[PDB]
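Single-structure report; data block below.
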Amino acid sequence: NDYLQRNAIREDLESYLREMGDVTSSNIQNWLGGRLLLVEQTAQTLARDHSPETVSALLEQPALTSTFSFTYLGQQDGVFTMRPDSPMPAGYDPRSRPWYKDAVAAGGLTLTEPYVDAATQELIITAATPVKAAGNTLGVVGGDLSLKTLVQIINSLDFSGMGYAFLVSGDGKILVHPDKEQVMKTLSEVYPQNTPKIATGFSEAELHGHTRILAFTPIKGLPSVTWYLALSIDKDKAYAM
Ligand SMILES: N[C@@H](Cc1c[nH]c2ccccc12)C(=O)O
């Protein structure tokens, strides 16, 4: 019987994908986690002492400048301090920015979706958290992360040459993708005819003329967001083995 045989193949493929999805999800979980912890450690220090001299020196420390493109403090009175330094656009107010509002609404450390950077006019992701002293919020600390860097991490693996990984929100918004044109599109825009369901274990869909298999894995330990790790696999290549 070819039905039983196809059934045996598919079940094996789905077990492999589950394994790859789990461990890739852990990786990005751990990597994002360290960044979050670092921003948190930085805010808890500023909480105790946020004099101008201290703020400057703290933000210039190598553990920060080598991890984030920019690290910064926006204060509740609107005063902004960043390292390394940058030309400043007229009218800037850190309290109006997505990283600031997101941290405040979260009541603690969180991550933004991509938003348009103030200087590069390109997409950026920020790890951010409020500065908490005596139950009060003195401002928000943020550390900037490049989309390209997140891509590289979730695509360490091949995956045996079958496909690639991307990040997508529970709402269906593509956050990070090896193909730049797909970023911040929705799953419905990319797949209008038969849209992959995030809840559903394994979905088939058609992309650039080829049948693909998609599978979604929750990413744990991201406060106040719901992000999935997605695997997108070439069906014909996978089954061929
Ligand atoms: N990425 C943050 C902070 C930031 C980075 N580079 C900047 C240059 C100018 C002003 C703010 C920034 C924002 O866009 O708000």
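Here are a few things to note about the model shown:
- Relative contact order for the chain, counting Cα pairs under 8 Å that sit 6 or more residues apart, in percent: 19 percent
- Where only alpha carbons of the chain are counted, the Rg and the Dmax (Å): 20.8, 76
- Between segment 125-143 and segment 19-42, the alpha-carbon center distance in angstrom: 20 Å
- Other residues whose C-beta falls under 14 angstrom from the C-beta of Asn194 contribute a net charge of 0, scoring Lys and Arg +1 and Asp and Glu -1.
- Structural descriptor for segment 38-145: relative contact order 31 percent, calculated from alpha carbon pairs under 8 angstrom and at least 6 residues apart.
- Computed [θ] at 222 nm, deg cm²/dmol, the chain (DSSP H ≥ 4; -39,500 (n - 2.57); rounded to nearest 500): -11000 deg cm²/dmol
- Violating pairs (Cα-Cα greater than 28 angstrom) within the set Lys132/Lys197; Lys132/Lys173; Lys101/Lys185; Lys132/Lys185; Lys180/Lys235: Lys132/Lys197; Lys132/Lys173; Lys132/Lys185
- Spin-label model distance (nm) - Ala90 vs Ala8, 7 Å beyond Cα toward Cβ: 7.4 nm
- For segment 77-92, no residue has its backbone nitrogen under 14 Å from a point 7 Å from the Cα of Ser51, taken along Cα to Cβ.
- As a rough footprinting exposure proxy, the listed residues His177, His208, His50 were ranked by other beta carbons within 10 Å of their own, and the order from fewest upward is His208, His50, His177.
- Listed residues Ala230, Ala119, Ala128, most fluctuating in the chain (Gaussian network, C-alpha, under 10 Å): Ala119
- Exposure proxy order (Cβ contacts within 10 Å, fewest to most) of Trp31, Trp99: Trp31, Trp99
- A quarter of the convex hull surface defined by the alpha-carbon atoms of segment 38-145 gives 6.2 nm² as the mean projection.
Just so you know, all these numbers are worked out from the coordinates, no wet-lab data involved. Cβ: placed from backbone, ideal geometry, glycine included. Neighbour counts: every protein chain shown.
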